[PDB]
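Enquirer: Pasting a structure below so you can have a look.
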Amino acid sequence: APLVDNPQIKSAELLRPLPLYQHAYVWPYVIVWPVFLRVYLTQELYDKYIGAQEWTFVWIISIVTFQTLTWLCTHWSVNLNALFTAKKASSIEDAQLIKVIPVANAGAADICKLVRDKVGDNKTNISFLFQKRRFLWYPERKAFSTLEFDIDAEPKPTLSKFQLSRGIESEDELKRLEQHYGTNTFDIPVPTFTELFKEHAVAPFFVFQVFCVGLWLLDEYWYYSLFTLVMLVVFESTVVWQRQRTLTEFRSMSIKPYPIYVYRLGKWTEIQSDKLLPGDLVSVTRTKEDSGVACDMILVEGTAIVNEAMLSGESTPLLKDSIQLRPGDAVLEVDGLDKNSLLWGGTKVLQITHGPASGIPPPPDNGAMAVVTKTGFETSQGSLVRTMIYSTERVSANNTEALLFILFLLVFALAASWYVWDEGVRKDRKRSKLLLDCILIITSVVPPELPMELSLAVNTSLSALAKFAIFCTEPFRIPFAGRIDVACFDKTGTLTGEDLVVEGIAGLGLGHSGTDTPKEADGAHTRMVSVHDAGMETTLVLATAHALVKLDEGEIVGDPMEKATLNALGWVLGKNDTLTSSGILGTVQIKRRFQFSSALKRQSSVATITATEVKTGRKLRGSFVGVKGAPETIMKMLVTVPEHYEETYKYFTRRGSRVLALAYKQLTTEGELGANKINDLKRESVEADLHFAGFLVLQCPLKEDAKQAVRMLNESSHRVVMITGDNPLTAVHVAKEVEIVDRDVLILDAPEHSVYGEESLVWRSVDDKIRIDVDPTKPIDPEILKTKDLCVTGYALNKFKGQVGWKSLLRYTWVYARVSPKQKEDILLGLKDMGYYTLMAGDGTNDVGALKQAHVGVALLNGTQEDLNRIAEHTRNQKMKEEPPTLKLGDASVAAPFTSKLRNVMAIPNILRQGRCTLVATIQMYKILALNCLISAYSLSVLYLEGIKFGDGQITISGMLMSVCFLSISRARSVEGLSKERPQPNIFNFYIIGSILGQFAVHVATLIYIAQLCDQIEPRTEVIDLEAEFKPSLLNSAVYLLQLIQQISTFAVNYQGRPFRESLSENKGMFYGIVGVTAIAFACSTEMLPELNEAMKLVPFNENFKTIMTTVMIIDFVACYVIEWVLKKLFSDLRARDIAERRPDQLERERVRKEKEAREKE
Ligand code: BEF
Ligand SMILES: [Mg+2]
């Protein structure tokens, strides 16, 4: 049995701490250090080693580096921390620390300290905080587990327990609950500069840089090494300062407490929302701005209209109901028949209404009585916050490819050092000079400037991305954007505005036929009449059927959809229960209202009307009855059903747009009905016979940029999928409009008629004429999986979990509808565990688990360019002196590596358009560096053993050329428009290694040939000494010219231009230097300028040698290009993966569109 009983935790272990005396980085180094110290200090018989300054410095550095590595091993890994710092314990009575390991993809390893509480006389509590969860020890089960509440037990509690709950009394029980469950607080840490710098300073690359810099302190230079260390410290300080600033700008979040009424100790008291305990009786009222319900509550009395904007994703108000109507002694199941009564935390209560089981007096603020069940970090949004903060480690550019690259270079470095040391010991030279030379060889091959170059090449991309208002917190995730195989998308807020807008009034032509209405095959009217131009009866119904309440000051409370209808209609209500005055020019006062019941679906009202139409001059007045409802219920009350009633609303509701039916009745044609007769009117008399007005269609309006951005993503080698939380029909229609899916579509769900307790999954069509049944064993491959597309809903994902068909449902599906916040993370993890890199672009809180676990996660805020301009104006004005609404810095930008600020779907291609421009650079800085470094190894391994030396001017020219060409490579800007070809993803591949080895072999062969020819023409039989000054000779000129041509060629051939980044002819800083240096080299080779040869201490040349040298340089330059070209054409992987393989018809349509737009572009 596992020690920790939780699905997330893999394994645990009990530990006992040790003091500083017994640590593994103190104990071996306190008995070894004095032994060497005595020998160095007061032995005077140094026969073990000679005793020179460098010989003792080597022994100092070895022990210091061993101490540093032994200390850092406890910080790099936690298993070594458990092995070194602590020891294995026996049981709970002696353990003080515990080590917890999470599952493979749900966080990071940790060591947590145990806390013991002595609230009981003979009872104690053992708890440790892992990932801000209060794990507790239960002695009966001999295992740790999470806290348990009243609502969660293997016997489900009866309804009488919550119905008869009278709050919390008996103050000692209150103290027990407070000490056992804790306060309702979140307390996000927001780490400061010191811990960030400590975390940054123990990275392997910084330690490697510090060690490589400190190795140069071998008495050669005491002023050229401290300056580099100071520069490194300054750079690492400013990088972490920028990260801290851009992290505190966004991740700084807070939940403001608000006072509430609590029925504590049999009395209603004012209590801050920070201190709430399970079992408390809470009166819930209308919520304030930017503040949701503080805790998970279940209603007991009254009805509330809430806005589930953080679980469903939509903003359409719901109708929560109490549990008074349910009888006692009933099981409280949550999945069905009572999920309409649970009130989750973090949501906003739009309205509260009452339209005494426990004998409790009503609260003074006149809210709804409810019982809080779960509080703290165990609520529904507590898990969301936990997935925000601790879910995934930073990347920090310390991947295994860099380690393999460094080892691959270090192999050649060690080989060269071994060769040099063998020659030195054979020639019996001084050991100190040999150690100096070997240290130079070791630190010159493996590059100590690679992290600096990578950081510069990523920070320039950050500065380029900052122009389009995209701000990023983790800079080293930009290279991940180059290789993207699937792009996930949300539906509400990302591709479509979240608010519901009135499309207009439809079906006004029903009944009488004008013989010009555009119909369909099934005879459904499709005319869309704007709400601005409408008849008298329909606008009076639209202005009278609403349910709006005016307060004392004048604020209007209700569903915002009737506000958006009224302000478009131009009407306005006064302080009294009246509606005042487009083109209607009238007034109406209402008398009696009915209520939405969720069983009858009928909002009806009576009123007295007077309207004066202006276009025709007709006038109406008297009494009026307006009814708004669902079309099926309204249809029965019509006395004359029109000719095409059951087709128009069906066609409109199969498109995903919400539809409502409007009916009017004229009770008395002149004057009101009369006093007190409206009061006795019954629901079955008011809603008896009515007259049709029209269908009011509401929909979420599509953005103007979604189609173009999705088209540009699809026409590339990417693939676009949609993971929404809306209805299947609306998601299917939006996907069809945006061209995510263009074929016949089949959805996977339960039958559309509401069946509860039935597990039958059936394939359905949008037209609803195909009902192929299926069972969770295997989907049929040849027809359903191949001919028609798919749409898997969230009700079929948890029924397909673990089966063999699951691996087939993550490959042939493009949209997912009605998806819970956990299932989005599940889908993205399943896609990531197949080999595809992913990207998610969300807007809200319900997709945090998807934003965090995606490789590149963008969060789109809502704000136009004019708002940013006004914010800039306000900031400039307040800075000059030393007001506009701020951006909705919500919850998606907290958990996303990137954050847009412009509310555009085109911000997703642009990031991709930058990612390629980074990745293509990041590859070649690996290829250009290593090859150069490899050449340097040879140029210091067997060529240094020769008598060749270079003058100061030549060295300065080579260094300036190398520095300029290396600084020009990193700075790169993108090229507009995505391309069908994909860059090379990974550094370790047959193409890169083959090209590097081939070019290095060509360089080595050319150098060997020219050295043997130069020795052949004029032999040098004199002895060779390695400490002499520079001497001009023909070898010293030939080797230098060839080496300079090699340094030119490595930058000349290894450069990828037009399809991803800047062309070479546009990059002035590299091109001018390359052409100038190669012109200088060729001019010196062909002896055009006699003065130029003596300018750089270059000897005169024989006529026969000049031609063969020029030909060998030309052969080198040609072969270095030919080998790379043939390897790129043969053994390279740039094509699309199996998930993005477009069908031929789609490519044909793309070609037709391209040629048509090119033809009309003239
Ligand atoms: F708009 Be979503 F589904 F978060
Ligand atoms: Mg959303």
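Chain identifiers are assigned as A, B, and so on, following the order in which chains appear in the structure tokens; residues are numbered from 1 within each chain, and ligands are numbered from 1 in order of appearance.
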Could you give me, as a ChimeraX atom specification, every polymer residue with an atom at most 8 Å away from an atom of ligand 2, counting only C-alpha atoms and all ligand atoms?
Expert: /A:313-314,490-494,498,724-725,842-847
Enquirer: Can you tell me, as a count of residues only, what residues are no more than 10 Å from residue 826 in chain A when counting only C-alpha atoms, ignoring any on the same chain fewer than 6 positions away?
Expert: 6
Enquirer: Tell me, as an NGL selection string, which residues lie within 6 Å of residue 479 in chain A, counting only C-alpha atoms; anything in the same chain fewer than 3 positions away does not count.
Expert: :A and (482 or 915 or 918-919)
Enquirer: Could the residues in this selection be written to a file with N, CA, C and O atoms, as a compact mmCIF listing (two decimals), in the first residue's frame?
Expert:
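Saved as selection-v9.txt:
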# COMPACT_ATOMS: atom_id res chain seq x y z
N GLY A 482 8.46 27.48 -33.60
CA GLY A 482 8.85 27.17 -34.97
C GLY A 482 8.29 25.85 -35.46
O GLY A 482 7.87 25.74 -36.61
N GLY A 915 8.49 32.77 -34.57
CA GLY A 915 9.13 31.58 -34.03
C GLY A 915 10.09 30.93 -35.01
O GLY A 915 11.23 30.62 -34.65
N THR A 918 13.26 32.74 -35.19
CA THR A 918 14.20 32.43 -34.12
C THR A 918 14.83 31.07 -34.33
O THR A 918 16.06 30.93 -34.26
N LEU A 919 14.02 30.06 -34.65
CA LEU A 919 14.50 28.68 -34.65
C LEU A 919 15.57 28.47 -35.72
O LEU A 919 16.60 27.84 -35.45
Enquirer: Leaving out residue 283 in chain A and any residue of its chain fewer than 5 positions from it, which residues lie within 12 Å of it when counting only C-alpha atoms, given as a PyMOL selection string?
Expert: chain A and resi 167+259-264+268-271+273+293+297-302+304+352+360-372
Enquirer: Which is closest to ligand 1 among A:217, A:52, A:861, A:521, if we use only C-alpha atoms and all ligand atoms?
Expert: A:861
Enquirer: Rounded to one decimal in Å, what is the spacing between CA of residue 286 in chain A and CA of residue 565 in chain A?
Expert: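 Computed distance, CA of residue 286 in chain A to CA of residue 565 in chain A, equals 22.8 Å.
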Enquirer: If we count only C-alpha atoms and set the cut-off at 12 Å, which residues sit around residue 567 in chain A, ignoring sequence neighbours fewer than 3 positions away in its own chain? Please answer as a list in words.
Expert: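 Final neighbour list, sorted by chain and number: residues 501, 502, 531, 532, 542, 543, 560, 561, 562, 563, 564, 570, 571, 572, 573, 581 and 582 of chain A.
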Enquirer: How would the residues just chosen look if you wrote them out with C-alpha atoms as a PDB file, in the first residue's frame?
Expert:
ATOM      1  CA  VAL A 501     -25.949  40.212 -29.631  1.00  0.00           C
ATOM      2  CA  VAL A 502     -29.381  40.422 -31.246  1.00  0.00           C
ATOM      3  CA  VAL A 531     -34.760  45.129 -34.880  1.00  0.00           C
ATOM      4  CA  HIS A 532     -34.535  48.820 -35.831  1.00  0.00           C
ATOM      5  CA  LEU A 542     -40.068  43.321 -27.031  1.00  0.00           C
ATOM      6  CA  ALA A 543     -40.447  46.383 -24.783  1.00  0.00           C
ATOM      7  CA  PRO A 560     -27.910  42.215 -19.981  1.00  0.00           C
ATOM      8  CA  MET A 561     -29.598  40.822 -23.117  1.00  0.00           C
ATOM      9  CA  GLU A 562     -32.746  42.911 -22.612  1.00  0.00           C
ATOM     10  CA  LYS A 563     -30.509  45.915 -21.906  1.00  0.00           C
ATOM     11  CA  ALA A 564     -28.816  45.321 -25.268  1.00  0.00           C
ATOM     12  CA  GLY A 570     -33.986  53.347 -28.193  1.00  0.00           C
ATOM     13  CA  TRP A 571     -36.439  52.951 -25.312  1.00  0.00           C
ATOM     14  CA  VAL A 572     -35.737  54.018 -21.732  1.00  0.00           C
ATOM     15  CA  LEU A 573     -37.604  53.308 -18.495  1.00  0.00           C
ATOM     16  CA  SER A 581     -39.471  56.563 -25.856  1.00  0.00           C
ATOM     17  CA  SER A 582     -36.784  53.607 -33.152  1.00  0.00           C
TER      18      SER A 582
END
